[PDB]
């Protein structure tokens, strides 16, 4: 085994990685690693959170300086042939743990003489006098994930035990750089806060094995449908150009956005996801279309400018979208050139039958959630019973798959266009944006049509259909909690739960603090399902949990949502004058393969445990009473688990 002075013998934590943990005092010490008769020492400078190259031991061992007192993790990586190592620090009433084995009373859960596995370590104990003795493994944070040893593979998929991975496709993996600048889109050459970074469906497809190993069984992607081609001013200060990289500014529901890739790319993503038992969720919008942009105005011949003729080409250029702020201007300054009052010019856009907006001759937005122009976005007239025809500007968009359908309202078109993707690709469900800004009847129509569409795809593709499960729909209704609201009787199988974030925050430094929240949720969600999260694109990134974020999310009752990079502590990125933008930072793949490697392994083990046990997502909870540490049992049908947390090691 791998060993160094003062540290316990190293144990495997992910294939080819071995770790040891020990509370170290301030000071300096020599650092060598021994394996059999081999001696290795850091060849370069010894630093924290960095891949340290190593040499066969020679002369005096290098000095490892301990700047702060705390729990240190040493890691050795033997995958690249020659050993490299990683040093990291965890600094700083809560149950306390002396670091020694736990004797657990399992008499009420696991049968006398039966074998019980701690899934995290793989250690197996035989129940004797209703008790087992187990040492929580290095990296477990003092967790025992106790299951019947006969447990061997994932349980059947259930939405009420789902592990959803929410990915902003643009910010994940760039599979093909060729499509990064579709429709003449530009990088900003600054911090790329609001630009298309170039992540695409091909790139996402390449990481399906990565997601499968994490116990992900539902992949929620940012809308891949054709966005506004151009940009608007970013944040409150216009400090960056804001493009539709997040998929929430849709222009054509009938077409894929060229940045995301081809129909063949979507087909492969969905088919390869299904092969790995991963369901696909589209993020969808019916509330609004994207803002007017110079790109779209020029391309599709709509809107009015205060500029005319060649002074137009003087100020904005040959392509208006190529405009950049001059001295004393911001990225909002382009609005000064646009005549939003002009009725005739702006009717050429969506048209009066389609949207409410405070532009030209359009129906005025209302002063309520359903008919307001949210963040000045054109509000689609979902409640309208008027036969609309196509949006006016589609007359200048010959690549559209949209066709005029006799008797169709805007709502009929929207539900038809979204349902088309379900029918053609077998999309398993939707996450619905801006749920509280569209009338309930519109969401029911979408669900009914989407349900019929999936049933039709599964019938036509019996070789590809994983099961005969109905279409699934979740929604974001701002501030929704753990309640079976009227959304659940208008097409929604689960609503996104805003309240879990703050409860997890209160347990960030002591996992046991979550107990009441878990008891309440286990009890309430016997009758219905919610989708809970630590991190999202419109709140913040949960990074206060230290190394405990995995268990805080994945051991929650109900469906849970991993925001891409939760598993690798993806840092809050450049944000400018929009405080949400930093949540959409680039996926940190360099960290995944380096300083966050053991974090990914930790997330994989807890995620895989969840996938084996519907008792986690669906089970009634009994919180145990023990003299040492914290523990609960959950039970769903024949499935029964015990989670023990030893407590704080410091």
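Positions refer to the first chain, counted from 1.
The segment from residue 92 to residue 93 is interrupted, since 10 or more residues of the deposited sequence in that interval carry no coordinates. Two stretches are in play, 222-230 and 308-316, and the higher mean C-alpha B-factor belongs to 308-316. Taking the mean C-alpha B-factor of each stretch as recorded, 614-622 and 63-71 are not equal, and the higher mean is that of 63-71. Which of 608, 53, 601, 583 has the largest Cα B-factor in the deposited entry comes down to 53. Of the residues listed, 85, 375, 281, 554, the entry assigns the biggest Cα temperature factor to 85. Sort the modelled residues of the chain by CA B factor and residue 33 lands in the highest third. Among the modelled residues of its chain, residue 301 has a C-alpha B-factor that falls in the middle third according to the deposited record. Ranked within its chain, residue 467 lands in the highest third, by CA B factor from the PDB record.
Ranked by Cα temperature factor within the chain, residue 359 sits in the middle third according to the deposited record. The PDB entry assigns residue 395 a C-alpha temperature factor belonging to the middle third of its chain's modelled residues.
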